[PDB]
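Enquirer:
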Amino acid sequence: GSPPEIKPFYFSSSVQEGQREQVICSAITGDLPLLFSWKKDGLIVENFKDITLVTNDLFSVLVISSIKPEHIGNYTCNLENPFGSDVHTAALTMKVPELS
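Taking the working numbering, the leading residue of the sequence shown gets 102, the next gets one more, and so forth.
1) When you compare each of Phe184, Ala191, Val197 and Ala192 to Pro105 by their alpha carbons, which one comes out closest?
2) If you drop the 5 nearest sequence neighbours on each side, which residues of the same chain put their C-beta closer than 7 Å to that of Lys108?
3) Have a look at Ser167 and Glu118 and give me their C-alpha separation to the nearest angstrom.
4) Going straight from the alpha carbon of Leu135 to that of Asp158, what length do you get?
5) Given a threshold of 16 other Cβ atoms within 10 Å of its Cβ, counted over all protein chains shown, does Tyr111 qualify as buried or as exposed?
6) By how many angstroms is the C-alpha of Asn175 removed from the C-alpha of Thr190?
7) Taking only three categories from DSSP, how would you classify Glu118?
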């Protein structure tokens, strides 16, 4: 089989508190099934109230339904299959917080 090559994902460059984010972790090559693991600054992401994961054997979407300052940081997707692994980290930066 072939090892996976991750497709980079990135957060928006103008994140505002209370808005939403979605990023897709996926591979351009690599035999299925793929397995996905998400961490935010080394923490289990999904246990954040406002973070939901949508995961199948092909891709995993990380959803932040309401951005809060606690979500600022680095999000790492680790991807593997029986033949290799890959990883990508994307930083979430907040441009505008709650003001009113």
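No residue lacks a Cβ here, since even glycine has one placed at the ideal position from N, Cα and C.
Expert: Answer, in terms of the structure:
1) Nearest option by C-alpha distance: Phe184.
2) So the qualifying residues of the chain are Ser127, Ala128 and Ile129.
3) Approximately 7 Å between the Cα atoms of the pair.
4) Cα to Cα, the separation comes out at about 5 Å.
5) By the neighbour-count criterion, in which a residue is buried when 16 or more other Cβ atoms sit within 10 angstroms of its Cβ, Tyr111 is exposed.
6) Straight-line Cα distance between these residues: approximately 6 Å.
7) The three-state reading of DSSP puts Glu118 in coil, since its state is none of H, G, I, E or B.
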